[PDB]
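This report refers to the structure that appears directly beneath it.
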């Protein structure tokens with residue numbers, strides 16, 4: 001008999017489940033460069049470092065909208081196309097199969113769905129008609145909330161993002177306009193956030209015998225004609241989660257330590273602190289929304305930080321006006337019901353940034369004496385190794401005799417280090433010609449420092465005024 005042979009064919013298969021489901025991303029040699037770059041208002045120090053990301057997961061994120069391959073109980077072939085989340089469907093004559101839907105407020109009597117010929121349209125139709133009946137005795141009367149999961153990552157490379165969010169993420173990533181060259185060059189920090197909102201799940205019970213998914217007319221010949229063997233075995237979709245999904249790009253020009261907490265308060269809808277409000281106002285937002293709204297189709301929006309409140313709560317309620325579309329699914333090996341787990345890894349270059357604000361040094365001389373200034377500092381940069389170089393600098397008027405009223409502003413960029421200022425005045429006394437008015441080394445590079453000198457040859461005075469908000 002055909003079905004017994006098919007049954008025995010599947011049971012006879014031995015394969016390495018781990019090796020079949022492992023994929024290796026791009027290989028980058030180990031590196032570390034420390035680079036300086038001067039922006040208009042700040043000096044940015046950039047550290048690059050080769051890093052690796054690896055994930056082992058059974059949940060497969062859905063980027064498509066109306067994928068007819070991704071129905072509960074669908075048979076998929078285990079090959080490279082499955083690892084790339086673009087699977088080959090085995091669409092042979094299917095036996096009936098019993099499903100269970102999991103949905104708030106439902107006695108396990110209407111939980112089960114018997115579909116005679118499993119396909120996307122037939123499973124779809126069976127679930128949507130049960131839902132239609134669920135709308136009129138629970139959907140509206142009882143308030144039925146969606147189940148929210150969210151995950152985040154700092155964006156560094158698209159290969160990295162694919163390892164985090166799934167192998168077909170670029171369908172999503174291309175629509176977010178992610179500026180990887182700006183994070184690398186050090187003038188942007190980007191976080192990608194994914195919000196899932198699960199309305200309901202449709203699961204398949206364990207398949208007792210592998211032959212139980214095929215009609216009696218399906219032969220070993222038919223399966224081998226479609227390339228099925230121990231080399232390309234079968235899985236079945238054992239569960240599908242339905243709801244709304246949001247991919248959120250947060251891109252800022254700030255170089256702050258507080259960006260994570262700033263973005264986190266917004267994911268949370270928390271009142272922003274003063275250091276974050278700077279960052280949030282310099283944040284751009286792009287979003288891909290995968291339907292919790294009629295119809296099944298991707299919406300790619302851009303906006304302000306203020307949008308994120310609305311994008312998370314829009315389809316947070318499943319009154320089942322419109323059924324959600326697939327947002328993830330899990331597969332299990334037909335042979336033995338072992339859940340298929342996918343191992344993905346990649347190397348990527350991590351960029352971490354540190355900013356140093358530019359500052360001004362102001363001098364006021366209102367004293368009744370000749371003063372001389374000796375202002376020196378080092379300019380920081382990095383050689384092509386990433387090692388520190390300190391080139392010494394000096395104010396062009398150092399040691400010159402200056403008289404009141406003298407004022408000037410010396411612009412000091414963020415790369416200035418070891419700022420030392422010494423001021424002396426000519427007392428006119430043969431026995432004590434010069435007197436030191438001010439002498440400080442390693443002055444903090446505040447936004448604005450005003451060193452004012454006044455008084456007389458005998459009683460000079462000084463003020464060191466800082467403004468650094």
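What 222 nm value per residue comes from the helices of the chain, counting each DSSP H run with n ≥ 4 as -39,500 (n - 2.57) and dividing by all residues, nearest 500 deg cm²/dmol?
-4500 deg cm²/dmol
Which residues in the range 83-123 place their backbone N less than 12 Å from a point set 7 Å from the Cα of residue 217 along the Cα-to-Cβ direction?
The answer is 92-95.
Residues of the range 419-461 with backbone nitrogen within less than 16 Å of a virtual label 7 Å along the Cα-to-Cβ line of residue 282, please, listed as ranges.
Within reach of a label on residue 282, which here means backbone N under 16 Å from a point 7 Å along Cα→Cβ, the range 419-461 contributes 447.
FRET efficiency for residue 185 and residue 22, Cβ-Cβ distance as r, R0 = 25 Å, nearest 0.05?
So, using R0 = 25 Å, E works out to roughly 0.15.
What does the highest-first list of 173-181, 190-198 look like by mean Cβ count within 10 Å?
Output ranking for 173-181, 190-198: 190-198, 173-181.
Of the DSSP beta bridges with both residues in the range 1-357, give the percent that are antiparallel, rounding to the nearest 5.
Close to 95 percent.
Can you tell me the length gained on complete extension of the stretch residue 265 to residue 2, counting 0.36 nm per residue apart and subtracting the Cα distance?
Working it through step by step, the gained length comes to 88.6 nm.
Which order do 307, 97 fall in if you start with the one that has the fewest other Cβ atoms within 10 Å?
307, 97
Rounded if a/c is under 1.5, else prolate if a/b is larger than b/c, else oblate: which is the range 300-403, with a ≥ b ≥ c the root eigenvalues of its Cα gyration tensor?
Since a/c reaches 1.5 but b/c is at least a/b, the shape of the range 300-403 is classed as oblate.
Output the peptides 274-281, 158-165 sorted from most to least packed, where packing is the average of other Cβ atoms within 10 Å over each peptide's residues.
Top of the packing list down: 158-165, 274-281.
What is the chain by shape, rounded, prolate or oblate, if you read a ≥ b ≥ c off the alpha carbon gyration tensor as root eigenvalues and call it rounded for a/c under 1.5, prolate for a/b larger than b/c, and oblate otherwise?
It is prolate, given that a/c is not under 1.5 and a/b is the larger ratio.
Multiplying the sequence separation of residue 468 and residue 310 by 0.36 nm and subtracting their Cα-Cα distance, what value in nm do you get?
53.2 nm
Compute the acute angle (0 to 90°) between the alpha-carbon long axis of helix 2-12 and the principal axis of greatest extent of the alpha-carbon atoms of the chain; round to the nearest 10°.
The two axes meet at around 40 degrees.
For residue 128 and residue 177 in the same chain, what is the full-extension length gain: residue separation times 0.36 nm, less their Cα-Cα distance, in nm?
14.1 nm
Ranking 377, 434, 454 by Cβ neighbours within 10 Å, fewest first, what do you get?
Exposure proxy ranking, most exposed first: 434, 454, 377.
What is the calculated FRET efficiency for residue 405 to residue 447, with r their C-beta to C-beta distance and R₀ = 25 Å, to the nearest 0.05?
Once the sixth-power term is evaluated, E becomes 0.55.
Of the peptides 385-393, 205-213, how do they stack up when ordered by the mean number of other Cβ atoms within 10 Å, highest first?
In descending order of packing, they fall as 205-213, 385-393.
Cβ atoms come from the backbone with ideal geometry, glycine included; neighbour counts cover every protein chain shown. FYI, it's all coordinate maths here, none of it is from the lab.
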